[PDB]
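J.: coords please:
(2 chains, ligands or ions: 1)
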Amino acid sequence: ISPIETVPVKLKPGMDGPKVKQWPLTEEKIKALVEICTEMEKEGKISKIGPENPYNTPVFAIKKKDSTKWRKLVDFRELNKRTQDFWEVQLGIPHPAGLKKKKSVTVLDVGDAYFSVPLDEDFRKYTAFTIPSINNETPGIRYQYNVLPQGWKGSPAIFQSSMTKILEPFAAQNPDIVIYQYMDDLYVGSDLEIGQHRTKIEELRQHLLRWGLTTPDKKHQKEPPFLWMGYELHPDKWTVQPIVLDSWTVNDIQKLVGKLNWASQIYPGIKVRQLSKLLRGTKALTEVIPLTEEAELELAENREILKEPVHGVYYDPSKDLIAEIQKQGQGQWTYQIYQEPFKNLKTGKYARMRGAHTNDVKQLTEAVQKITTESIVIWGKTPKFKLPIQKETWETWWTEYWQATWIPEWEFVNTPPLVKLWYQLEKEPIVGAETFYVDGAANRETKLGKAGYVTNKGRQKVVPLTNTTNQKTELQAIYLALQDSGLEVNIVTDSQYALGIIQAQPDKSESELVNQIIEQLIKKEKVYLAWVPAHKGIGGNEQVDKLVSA
Amino acid sequence: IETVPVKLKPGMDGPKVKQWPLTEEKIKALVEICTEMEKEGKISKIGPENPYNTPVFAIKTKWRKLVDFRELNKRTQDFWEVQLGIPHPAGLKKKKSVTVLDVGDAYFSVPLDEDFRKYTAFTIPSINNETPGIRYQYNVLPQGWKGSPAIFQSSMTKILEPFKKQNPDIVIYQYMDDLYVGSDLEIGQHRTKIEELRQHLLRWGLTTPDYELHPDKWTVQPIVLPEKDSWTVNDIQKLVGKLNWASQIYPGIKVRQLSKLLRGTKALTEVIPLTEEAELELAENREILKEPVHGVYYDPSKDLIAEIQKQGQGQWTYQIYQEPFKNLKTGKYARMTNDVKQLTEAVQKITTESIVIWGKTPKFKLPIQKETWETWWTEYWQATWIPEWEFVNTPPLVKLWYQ
Ligand SMILES: CCC(=O)n1c(=O)n(CCOc2cc(Cl)ccc2Oc2cc(Cl)cc(C#N)c2)c2ccccc21
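T.: Numbers count the residues shown, from 1 in each chain, chains lettered A, B, ... in the order given. The structure is reproduced below:
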């Protein structure tokens, strides 16, 4: 229908067209498929063909809802499997928070979008279909498309591409208007007078029509309820569309978690830590699951948050973005982004990425990272941060931290809980502090071994252990030397493993053993840990290795 | 003009790479740049039947486009490294001064094979997905592409022939987009010659943006053990550790004598007198460590690797190497700054050195979390090229023992 140029399309390199058999169909449907195709034929959308074309893909008819009018559905699965790859249509949807507030906004959907755009001539042959014959006697009637088939791999991208072409000139002639594109929809917004906006919107309709694209006129949707891709878009604010939810299957769990995650855009401090732990093993969507008092309390808190309706603002270039982060529980964080002091653009959560021996400063730095990136996508700049960590605490951390790390303009926010370093090892051996020489060892068959230490004042100890790995013993030894120590200890291991864990100053871990070490390292006044190579004839080491290896 | 035919390595498809999202200042810059380029026919907008993609950035008072043709190069340059390759002078590493000119503009005058052009596709992206990205592809030789200097190599010899004759003692090397000009004259004299060359180039149509390197001054970072008068037990334990490590890089290291000192179960702070045997064993090891490591050769077949450690106080050490302990070079940058600004300045220093020495960039292992590096590298970056990199996220627990 459009005088628009066509996009050259080609089948995959070593593949050829489809040749599927058309199945028989209730004769009532055959009549409908005939009327629909005849009308399409009349509009140039499809053209009849002869037996020369050897390609076929199947056709079908669905009741068309309760309309009881029938609709044509071709199945293009084979063809798509043989149609070349395209430059994919963008998967990301615009986040309402990045929509710049504009006085007037119009939504213009495009009618029979795909069918309004030509198809590469040389590709049409493959878009061939057969209307089944009434009786098995009479060959069926045959067709091919001259416009973008609806099931086809390529219709979206080609539709998109042709619309972009048709907008470039207009959008240039009129910089005062901001046109956005998502699937068949064109969202136009302006800061002109209502009359000037409508005049340009009509001029736009006018333009699109000259290219064979129709649009509503004063059947355009009404602003108040712009229900869009899961959101309510009101001219003054946006929210999430209302979210419902007591059921305890597995699939019920994932749907719930997803709904909660969707609500976390804007509803502060929705929680899903516990409930996501109940997704262990999974697979069986029907499998029932026990409602922990920790997770079923979670869901209690959540319903209360969902009783209050929350809205977010649109975005204002003139103003700064601010982002402020709160520590919420363990390994759970939460963040708001806003421009005015209580009018949020959006919120969200960040949860502790998979990994053992984590630490709150490291996590904070990580969370700043996800927010920074998020910001660039939605707004195209980074926010100013408001973080609950003193610059004493941060500057100490980054100066000693082995990686490069960076956090942009930020300001302390004295709101507990504050991010702190729970301990700090000494840089230099401590004078007048018992020097514990530790080691551990285990037997890879018996899953058994020993932990122990030997000190300068002659102190010694060994305990036996069961179901242990060599590392777990290397680390257990450290634990002993701590437990049997003063406020000031020097410890000497050969374990690169154990050294590493502790030197990275973990603030928590799933390894209870580490947590004991950590909780010990806090109570201590001073600790210096030091490393020596193994089996190299070093003193305490050689003695301690004999103690617990044989 | 005729187009040199270009074929990817076989059983290989063109690059399909996610465009990292950009800030709105860079995007504006990029639509400005690419608009001009298109009026001048360098590029042109493209359909959705071209599924390929190579990333694009804006680095900087005025803005500069930068394309990451690292995947395309890995899928094309390797063939052109054989078929159409470019020899590297062993003498450039020895010159007193090497200035580095940008001759990317040259490439915009040769056309590219029409059958190749689809593989040069890039996408100026869009904020918050308001719109599909702007898509273009190249009709001339692109600036990032290891093919481009290779094809232009012929023309480039014809332009430099007059100068290379009036000045047979200056070395000139071409690494994609840049001209390395090494002389052995006073900086002021060298500074003129270069200005004299810039004028040469402009006479024949090569614009050159309107630094100075001193490779003969370059030197490695020798391993240095401590030199103290009294040694605590800790002091000795550490010294044993460092040597015990050096043993990989250096045959001839001995710790018997010194480990003897640590006979018993002593406290770390206790001072220990140094036996004559150790003072000699120590004195022998120091000499070996001073001795330039000998017996490591550059094997063209193999990739170079660069590791970087963050020391304190604005300092960073590095090693470049092909096999684990067999180091081709080691170094230390101290800065005059964001850690990340420091780390990109290193990467660029190291790459340049490595271009000059071996006509090859290494593949970095960067001690920075991936997203932080992907978010901010283009902020400090001034090179026309981009090396390969991975991210080490496991602490180099190994004591720095690299100074
Ligand atoms: C006084 C302000 C006003 O009336 N409205 C307002 O500011 N917004 C925010 C979105 O603004 C847009 C700005 C531009 Cl340049 C373009 C389109 C916009 O709208 C879109 C965007 C999208 Cl991706 C989908 C849809 C749908 N469906 C609409 C509004 C949103 C809805 C209604 C009114 C306003």
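
J.: Name all residues that make contact with the closest residue to residue B:47 other than its chain neighbours.
T.: Distances taken as CB to CB, 6 or more residues apart in numbering or on different chains put residue A:7 closest to residue B:47, at 4.8 Å, once the chain neighbours are dropped. The C-beta positions use only the backbone N, C-alpha and C, and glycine is treated the same way. Shown in contact with residue A:7 (CB atoms under 8 Å, 6 or more residues apart in numbering or on different chains): A:120, A:154, A:158, A:161, A:162, B:47, B:48, B:49.

J.: try it again with 10 Å
T.: Residue A:7 makes contact with A:86, A:117-120, A:123, A:148, A:154, A:157-158, A:161-162, B:47-50, according to CB atoms under 10 Å, 6 or more residues apart in numbering or on different chains.

J.: Could you tell me how far it is located from the ligand?
T.: From residue A:7 across to the ligand, the span is 25 Å (CB to the nearest ligand atom, to the nearest Å).

J.: Assumed that residue was part of a helix.
T.: No: counting by DSSP: H, G, I helix; E, B strand; the rest coil, one finds residue A:7 to be coil, located in no helix.

J.: Which ones among the contacts of residue A:7 map onto helices?
T.: Residues from the contacts of residue A:7 lying in helices, with DSSP state H as the criterion: A:123, A:157, A:158, A:161, A:162.

J.: mind listing what residue B:190 touches?
T.: Neighbours of residue B:190 in contact, by CB under 10 Å, 6+ apart: B:95, B:96, B:97, B:98, B:99, B:170, B:181, B:182, B:183, B:184, B:212.

J.: how about a cut-off of 6 Å?
T.: Counting by CB atoms under 6 Å, 6 or more residues apart in numbering or on different chains, residue B:190 touches B:97, B:183.

J.: With residue A:475 instead?
T.: Per CB under 6 Å, 6+ apart, neighbours of residue A:475: A:498, A:513.

J.: Just the buried positions in the helix or strand hosting it, please.
T.: For residue A:475, the host element (DSSP states H and E) is helix A:470-483. Within helix A:470-483, the residues that count as buried by 16 or more other CB atoms under 10 Å in any protein chain shown are A:471, A:472, A:473, A:474, A:475, A:476, A:477, A:478, A:479, A:480, A:481, A:482.

J.: go on, stretch B:235-255?
T.: Neighbour-count burial for stretch B:235-255, with 16+ other CB under 10 Å as criterion, is recorded at B:235-246, B:249-250, B:253-255.

J.: Same question for stretch B:389-399.
T.: Buried residues in stretch B:389-399, defined by neighbour count with 16+ other CB under 10 Å: B:389, B:391, B:392, B:396.

J.: Ok, stretch A:316-326 next?
T.: Buried residues in stretch A:316-326 (16+ other CB under 10 Å): A:321, A:322, A:323, A:324, A:325, A:326.

J.: Check stretch A:423-436 too.
T.: A:429, A:430, A:433, A:434, A:435, A:436.

J.: Now intersect these with the strands, please.
T.: Using DSSP state E, the subset of the buried residues of stretch A:423-436 located in strands is A:435, A:436.

J.: If we check the ligand, which of the buried residues of stretch A:423-436 are in contact?
T.: When contact is defined as CB under 6 Å from any ligand atom, these do not meet the ligand at all.

J.: residue boundaries of the helices in chain B?
T.: B:24-39, B:70-83, B:114-117, B:147-166, B:187-203, B:233-249, B:256-261, B:276-290, B:339-358, B:370-380.

J.: tell me which parts of the stretch 451-550 of chain A are close to chain B?
T.: A:454, A:456, A:490, A:496, A:499-500, A:532-533, A:537-540, A:543 (CB under 6 Å from any CB of the partner chain).

J.: again, only using 8 Å
T.: Contact residues, the stretch 451-550 of chain A versus chain B (CB under 8 Å from any CB of the partner chain): A:454-456, A:458, A:490, A:492, A:496, A:499-500, A:503-504, A:528, A:530-533, A:536-540, A:543.

J.: which ones among those residues are found in strands?
T.: Using DSSP E, these in strands are A:454, A:490, A:492, A:528, A:530, A:531.

J.: how about these in CSV, adding distance to residue A:407?
T.: What follows is these, written out as CSV (distance: CB to CB, whole Å):
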residue, distance to residue A:407
A:454, 44
A:490, 34
A:492, 36
A:528, 30
A:530, 32
A:531, 31
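
J.: how about these in a markdown table, adding neighbour count?
T.: Formatted as a markdown table, those follow (neighbours: other CB atoms under 10 Å in any protein chain shown):
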| residue | neighbour count |
| --- | --- |
| A:454 | 27 |
| A:490 | 28 |
| A:492 | 28 |
| A:528 | 20 |
| A:530 | 20 |
| A:531 | 20 |
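
J.: With distance to the ligand as extra columns, can I get these in JSON lines?
T.: Below are those laid out as JSON lines (distance: CB to the nearest ligand atom, whole Å):
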{"residue": "A:454", "distance to the ligand": "70"}
{"residue": "A:490", "distance to the ligand": "63"}
{"residue": "A:492", "distance to the ligand": "62"}
{"residue": "A:528", "distance to the ligand": "58"}
{"residue": "A:530", "distance to the ligand": "59"}
{"residue": "A:531", "distance to the ligand": "57"}
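
J.: Go through those and name the one nearest residue A:62.
T.: Nearest to residue A:62 among these: residue A:531, at 71.3 Å, using CB to CB.

J.: For the closest one, which non-adjacent residue is spatially closest?
T.: residue A:499 (5.1 Å).

J.: and the gap between that neighbour and the ligand?
T.: Distance check for residue A:499 against the ligand: by CB to the nearest ligand atom, it reads 53 Å.

J.: can you tell me if stretch A:423-440 touches chain B.
T.: Yes: for stretch A:423-440 and chain B, the contact criterion (CB under 8 Å from any CB) is met by A:429, A:430, A:431, A:432, A:433, A:434, A:435, A:437.

J.: Can you give me the end-to-end span of that stretch?
T.: End-to-end distance for stretch A:423-440, by CA to CA, to the nearest Å: 25 Å.

J.: Domain ranges for chain B, per the record?
T.: Domain segmentation of chain B under CATH domains of a matching chain yields B:5-90+B:116-156, B:91-115+B:157-212, B:213-298, B:299-402.

J.: Could you dump those domains into TSV with distance to residue A:254 added?
T.: Shown next, in TSV, are the domains of chain B (distance: least, CB to CB, whole Å):
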stretch	distance to residue A:254
domain B:5-90+B:116-156	26
domain B:91-115+B:157-212	48
domain B:213-298	50
domain B:299-402	27
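
J.: export the ones you listed to JSON lines and tack on distance to the ligand?
T.: Listed next are the domains of chain B as JSON lines, based on distance: least, CB to the nearest ligand atom, whole Å:
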{"stretch": "domain B:5-90+B:116-156", "distance to the ligand": "7"}
{"stretch": "domain B:91-115+B:157-212", "distance to the ligand": "36"}
{"stretch": "domain B:213-298", "distance to the ligand": "49"}
{"stretch": "domain B:299-402", "distance to the ligand": "25"}
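
J.: now for the ones you listed, which one comes closest to residue A:43?
T.: Closest of these to residue A:43 is domain B:5-90+B:116-156, at 24.7 Å (criterion: CB to CB).
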